[PDB]
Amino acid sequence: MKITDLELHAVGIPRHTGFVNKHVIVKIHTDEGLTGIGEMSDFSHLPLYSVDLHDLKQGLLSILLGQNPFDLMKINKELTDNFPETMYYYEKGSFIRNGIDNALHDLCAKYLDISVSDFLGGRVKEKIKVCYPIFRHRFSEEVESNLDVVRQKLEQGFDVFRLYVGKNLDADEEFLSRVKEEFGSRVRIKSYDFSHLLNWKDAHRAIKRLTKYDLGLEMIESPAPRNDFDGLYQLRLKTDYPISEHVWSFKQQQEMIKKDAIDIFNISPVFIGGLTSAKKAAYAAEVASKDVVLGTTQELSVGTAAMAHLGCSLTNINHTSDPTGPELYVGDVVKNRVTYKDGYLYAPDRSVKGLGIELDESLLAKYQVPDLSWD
């Protein structure tokens, strides 16, 4: 069983709002005709530079050519050697490793004629609760429009949301007030995400005023600057609600563990380098008796399916997760998108081997983009 070729398809799929996120669909071919598919999800994040995919295909091929796809530990070590972790949330190297590792899982699973779920440790549950995002308000005028979004998604089954806050507290508070007023207990906002915008003391004051509204609130996410472990710790001591933070590197996770800086580790394959790395992160959390939730960068169906399988295999996910990326896009590049129902993400049919998702060539072509350049 050996890797014989690699394909990278750049695609740009617009969100209902207009922004066109760029992703790279991965295909790993073997000598036995089995192909693994993966997704280097959402390259549209700072820094404001873009990677040469022609050069990248060459580098990755030199690494993968002739390898046994089942050598996940060996391959991932080499990937990390070439694409180091940098303690940076949006390191493009993480997205890259993610697409490759996830494609390898699909490949191995297909080879064994089993679902990726069975390759990841099996099932603990068949679905995991997720939430839909309401991006941060900048002006009070944006409130009405977001209430429409809430009413619309609730109508579709999403009764839980997560709100990005910190930019305009008066607006944040107006929104929450309007939500409690109209929906009562029909809607829950499980997290207030500050996206690392405020210093911990400023976040403390914000938390104090926003939490006057508790609509099934489960956590406060990223309430301090990136890598501010001490600030997270101090804030955790002053806040009743669990503090959650994204895991973007083992070094960063190690520090938050050692310093008992947070309560919930937000793990997402794309930010940590793939399923192999995400599992290690989740297990590290488990060994430390810490809670976990699956985060998101807003991936398409292929990337979301990866989390569907991983999420349904973990015993330490005790809160609502975030992967609802497909809901923000007008399209995808698969024959059948991931399944959501009543605010839950379902792990693909366990009887279907591999990831349980299939690429649609006509759609790959339709959304194809020449490169990953910015606008």
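Quick note: we count residues from 1 along the sequence shown, nothing fancier.
- The mean C-alpha temperature factor is higher for 136 to 144 when 89 to 97 and 136 to 144 are set side by side.
- Annotation for 218 to 226 versus 167 to 175: the higher mean temperature factor (C-alpha) is found in 167 to 175.
- In the PDB entry, the Cα temperature factor peaks, among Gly311, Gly38, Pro47, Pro348, at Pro348.
- Take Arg205, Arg162, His246, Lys279 and read off each C-alpha B-factor from the entry; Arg205 has the highest.
- In the deposited entry, the Cα temperature factor of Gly66 sits in the top third of values across the chain's modelled residues.
- When the modelled residues of the chain are ordered by C-alpha B-factor, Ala261 sits in the middle third.
- Annotation for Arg337: C-alpha temperature factor in the highest third relative to the rest of the modelled chain, per the entry.
- When all modelled residues of the chain are sorted by CA temperature factor, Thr80 is found within the middle third.
- Ranked by Cα temperature factor within the chain, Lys190 sits in the lowest third according to the deposited record.
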